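Chemist: For reference, this is final_29.cif, and it has mmCIF, C-alpha atoms (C1' of nucleotides).
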data_query
loop_
_atom_site.label_atom_id
_atom_site.label_comp_id
_atom_site.auth_asym_id
_atom_site.auth_seq_id
_atom_site.Cartn_x
_atom_site.Cartn_y
_atom_site.Cartn_z
CA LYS E 6 12.11 -13.95 -131.96
CA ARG E 7 13.95 -11.22 -130.07
CA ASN E 8 13.77 -8.68 -132.90
CA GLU E 9 10.22 -9.77 -133.72
CA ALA E 10 9.30 -9.16 -130.08
CA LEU E 11 10.86 -5.70 -130.25
CA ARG E 12 9.01 -4.92 -133.48
CA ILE E 13 5.69 -6.11 -132.06
CA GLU E 14 6.19 -4.05 -128.91
CA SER E 15 6.95 -0.97 -131.00
CA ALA E 16 3.85 -1.52 -133.15
CA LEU E 17 1.63 -2.03 -130.10
CA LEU E 18 2.94 1.08 -128.36
CA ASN E 19 2.48 3.08 -131.57
CA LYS E 20 -1.13 1.93 -131.82
CA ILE E 21 -1.84 2.90 -128.20
CA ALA E 22 -0.16 6.28 -128.69
CA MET E 23 -2.13 6.99 -131.87
CA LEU E 24 -5.44 6.02 -130.29
CA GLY E 25 -4.58 7.73 -127.01
CA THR E 26 -3.91 6.48 -123.49
CA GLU E 27 -7.11 8.12 -122.25
CA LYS E 28 -9.16 6.95 -125.24
CA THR E 29 -7.59 3.48 -125.15
CA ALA E 30 -8.48 3.17 -121.47
CA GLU E 31 -12.03 4.35 -122.15
CA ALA E 32 -12.50 1.80 -124.93
CA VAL E 33 -10.79 -1.10 -123.14
CA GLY E 34 -12.69 -0.55 -119.89
CA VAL E 35 -9.90 0.44 -117.50
CA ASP E 36 -8.37 3.69 -116.26
CA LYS E 37 -5.75 5.70 -118.14
CA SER E 38 -3.27 4.77 -115.41
CA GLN E 39 -3.76 1.09 -116.22
CA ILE E 40 -2.85 1.62 -119.87
CA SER E 41 0.10 3.81 -118.90
CA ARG E 42 1.41 1.03 -116.65
CA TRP E 43 0.68 -1.87 -119.01
CA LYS E 44 2.82 -0.01 -121.54
CA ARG E 45 5.71 -0.24 -119.07
CA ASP E 46 5.09 -3.64 -117.47
CA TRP E 47 3.37 -6.20 -119.69
CA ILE E 48 3.39 -4.89 -123.27
CA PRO E 49 7.01 -6.10 -123.67
CA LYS E 50 6.06 -9.51 -122.25
CA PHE E 51 2.92 -9.84 -124.35
CA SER E 52 5.06 -8.73 -127.30
CA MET E 53 7.54 -11.55 -126.72
CA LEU E 54 4.59 -13.94 -126.52
CA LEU E 55 3.29 -12.65 -129.86
CA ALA E 56 6.77 -13.02 -131.35
CA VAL E 57 6.76 -16.65 -130.25
CA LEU E 58 3.06 -17.04 -131.04
CA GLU E 59 3.82 -15.68 -134.55
CA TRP E 60 1.13 -12.98 -134.66
CA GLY E 61 3.26 -10.18 -136.11
CA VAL E 62 1.42 -7.78 -138.42
CA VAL E 63 2.55 -5.61 -141.31
CA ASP E 64 4.31 -2.37 -140.38
CA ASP E 65 2.07 0.58 -141.15
CA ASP E 66 4.57 2.44 -143.34
CA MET E 67 4.88 -0.52 -145.70
CA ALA E 68 1.09 -0.81 -145.49
CA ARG E 69 0.77 2.74 -146.79
CA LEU E 70 3.31 1.99 -149.51
CA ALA E 71 1.33 -1.07 -150.62
CA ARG E 72 -1.91 0.93 -150.61
CA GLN E 73 -0.29 3.63 -152.74
CA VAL E 74 1.09 1.08 -155.20
CA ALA E 75 -2.29 -0.64 -155.49
CA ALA E 76 -3.83 2.77 -156.21
CA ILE E 77 -1.20 3.75 -158.79
CA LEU E 78 -1.38 0.47 -160.71
CA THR E 79 -5.18 0.42 -160.44
"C1'" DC Z 1 6.50 57.89 -133.38
"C1'" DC Z 2 3.13 52.82 -135.58
"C1'" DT Z 3 3.96 47.72 -136.49
"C1'" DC Z 4 5.55 43.35 -136.22
"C1'" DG Z 5 8.27 39.56 -133.96
"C1'" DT Z 6 9.39 37.60 -129.20
"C1'" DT Z 7 8.05 36.53 -124.55
"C1'" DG Z 8 4.74 35.99 -119.98
"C1'" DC Z 9 0.66 33.94 -118.84
"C1'" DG Z 10 -3.39 31.14 -118.76
"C1'" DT Z 11 -6.20 27.42 -121.08
"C1'" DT Z 12 -7.32 23.11 -123.10
"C1'" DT Z 13 -6.24 18.46 -124.03
"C1'" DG Z 14 -3.62 14.48 -122.82
"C1'" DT Z 15 -0.31 11.18 -119.85
"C1'" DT Z 16 2.37 9.34 -115.76
"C1'" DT Z 17 2.78 8.96 -110.73
"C1'" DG Z 18 1.55 8.43 -105.71
"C1'" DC Z 19 -1.74 6.38 -102.36
"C1'" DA Z 20 -4.90 3.48 -100.80
"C1'" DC Z 21 -7.65 -0.94 -101.51
"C1'" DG Z 22 -9.34 -5.39 -102.21
"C1'" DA Z 23 -8.00 -10.16 -103.58
"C1'" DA Z 24 -5.47 -14.29 -103.58
"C1'" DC Z 25 -1.83 -16.97 -102.93
"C1'" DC Z 26 1.82 -18.55 -100.35
"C1'" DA Z 27 4.52 -18.12 -95.86
"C1'" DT Z 28 4.58 -18.76 -90.76
"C1'" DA Z 29 3.40 -20.16 -86.42
"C1'" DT Z 30 1.49 -23.68 -83.87
"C1'" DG Z 31 -0.71 -28.12 -82.50
"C1'" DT Z 32 -0.81 -33.19 -82.34
"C1'" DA Z 33 0.79 -37.73 -82.48
"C1'" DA Z 34 -0.98 -43.49 -77.05
"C1'" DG Z 35 3.78 -51.88 -78.55
"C1'" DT Z 36 7.71 -49.89 -75.87
"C1'" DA Z 37 11.28 -47.03 -75.36
"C1'" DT Z 38 14.70 -44.37 -69.27
"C1'" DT Z 39 22.30 -41.74 -66.54
"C1'" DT Z 40 27.01 -39.06 -72.49
"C1'" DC Z 41 30.95 -39.37 -74.43
"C1'" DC Z 42 35.42 -38.44 -76.95
"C1'" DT Z 43 39.59 -37.16 -77.50
"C1'" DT Z 44 44.59 -35.74 -77.52
"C1'" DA Z 45 49.24 -35.30 -77.47
"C1'" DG Z 46 57.57 -34.78 -77.87
"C1'" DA Z 47 57.57 -26.61 -74.61
"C1'" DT Z 48 59.55 -24.18 -71.30
"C1'" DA Z 49 60.14 -20.91 -67.90
"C1'" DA Z 50 58.54 -18.00 -64.27
"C1'" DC Z 51 55.53 -16.67 -60.86
"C1'" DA Z 52 52.23 -16.84 -57.18
"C1'" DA Z 53 48.45 -19.60 -54.30
"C1'" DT Z 54 47.10 -23.45 -52.12
"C1'" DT Z 55 47.81 -27.56 -49.52
"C1'" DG Z 56 50.58 -30.42 -46.73
"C1'" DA Z 57 54.61 -31.60 -43.62
"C1'" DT Z 58 58.23 -29.75 -39.93
"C1'" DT Z 59 59.29 -27.35 -36.25
"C1'" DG Z 60 59.30 -23.10 -32.16
"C1'" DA Z 61 56.87 -22.33 -28.55
#
Once you've parsed the file, please lay out its structure as structure tokens.
Modeler:
Amino acid sequence: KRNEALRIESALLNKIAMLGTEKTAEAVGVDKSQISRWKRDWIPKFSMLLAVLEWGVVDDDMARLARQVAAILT
DNA sequence: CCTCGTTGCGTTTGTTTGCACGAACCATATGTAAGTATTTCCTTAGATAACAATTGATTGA
């Protein structure tokens, strides 16, 4: 669960970074500072919970690989 | 000499930090007990020598 927690934290932080701390705050309903500080404080803890809760999702690179394979075959 | 690559500067977009501000949850401080109830213990071992101070008896006047 340790490495799953690390993976989930990395995926979450990547999603926030891609969407944008400012944009993520605007969509969530908080201030950019709140997202910036959740990234430091709770995202690791929530990530460990997800690792235990077994909510891990497919890594996006392998997702792109699967999409490409499904396009090439079909 | 003109022209093109490198740097100084400002601009735009985006992110983390420093204060101040509720909110809530626990930590502290304080108060209130209405059968009667009434003067404490406990500890500790086999030194020895020297020196003053203090207190008590003896004696010169």
Chemist: Evaluated on this file, the PyMOL selection byres ((chain Z) within 8 of (chain E)) picks out some residues - which ones are they, written as a list in words?
Modeler: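 For this structure, the PyMOL selection byres ((chain Z) within 8 of (chain E)) resolves to residues 14, 15 and 16 of chain Z.
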Chemist: Could you give me, as a list in words, the residues within 8 Å of residue 10 (chain E), counting only C-alpha atoms (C1' of nucleotides) and dropping anything in the same chain fewer than 6 positions from it?
Modeler: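 With the cut-off at 8 Å, the set is residues 49, 52, 53, 54, 55, 56 and 57 of chain E.
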Chemist: Can you work out the spacing between CA of residue 9 (chain E) and CA of residue 46 (chain E) in Å, to one decimal?
Modeler: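 Separation of CA of residue 9 (chain E) and CA of residue 46 (chain E): 18.1 Å.
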